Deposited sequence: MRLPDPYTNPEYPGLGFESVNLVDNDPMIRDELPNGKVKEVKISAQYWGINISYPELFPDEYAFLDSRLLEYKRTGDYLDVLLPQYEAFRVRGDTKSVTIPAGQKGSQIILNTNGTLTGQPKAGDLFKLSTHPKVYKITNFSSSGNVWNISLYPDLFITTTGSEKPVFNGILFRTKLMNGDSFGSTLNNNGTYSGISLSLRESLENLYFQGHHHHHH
């Protein structure tokens, strides 16, 4: 379940977020991101759409994949598939070999994800030596690299669970829209 937005569904611009907060949970357990999405007033058809998607989400027990457009930095561009990430890596640093196919560089604060695993990281520092990139991450890597991972800097989806199904919804207001819709999502560690 991709959480529908104006990219997937440009016919519903209200599905653009009014506000989003990315929240750090550092438990006893592993770190996980919390996401709080607030919508502007939704019109009947876009509200009806989102409603039905969340319902389908409810009955199938799936995850919800979410894009946060605020993090569409596009500070790094190029052929990520020709990047090499050496095997055996763990901890808070991730080294990769760009093979000269990347342009630009990421900065502290940007998101990062491995192609083969759903966990999303924050980039905390970055240095390079020619085509060698040294990306410092938070939290530590959830897996040891296999050698087949590719870096993801843009179009990162968080794999989440809805926390507030029981307070989701609104009723028609006096200008024929639905106010106060917000979603509270928790990154799911499988």
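Gaps in the coordinates relative to the deposited sequence fall at 28-42, 206-217.
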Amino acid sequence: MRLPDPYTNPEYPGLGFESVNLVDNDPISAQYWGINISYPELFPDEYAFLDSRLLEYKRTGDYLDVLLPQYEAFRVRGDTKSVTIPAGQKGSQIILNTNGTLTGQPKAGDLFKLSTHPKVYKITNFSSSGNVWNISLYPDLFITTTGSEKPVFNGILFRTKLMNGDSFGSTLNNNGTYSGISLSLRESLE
From here on, numbers count along this sequence of modelled residues.
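89-97 and 70-78 differ in mean CA B-factor, and the higher of the two is recorded for 70-78. 58-66 and 129-137 differ in mean CA B-factor, and the higher of the two is recorded for 58-66. Note on the listed residues 151, 155, 34, 40: the highest Cα temperature factor in the record is that of 40. Among the modelled residues of its chain, residue 8 has a C-alpha B-factor that falls in the middle third, as given in the PDB entry. Among all modelled residues in this chain, the alpha-carbon of residue 121 has a temperature factor (C-alpha) in the lowest third.
Sorting the modelled residues of the chain by their CA temperature factor places residue 175 in the highest third. In the deposited entry, the Cα temperature factor of residue 145 places it in the lowest third of its chain's modelled residues.
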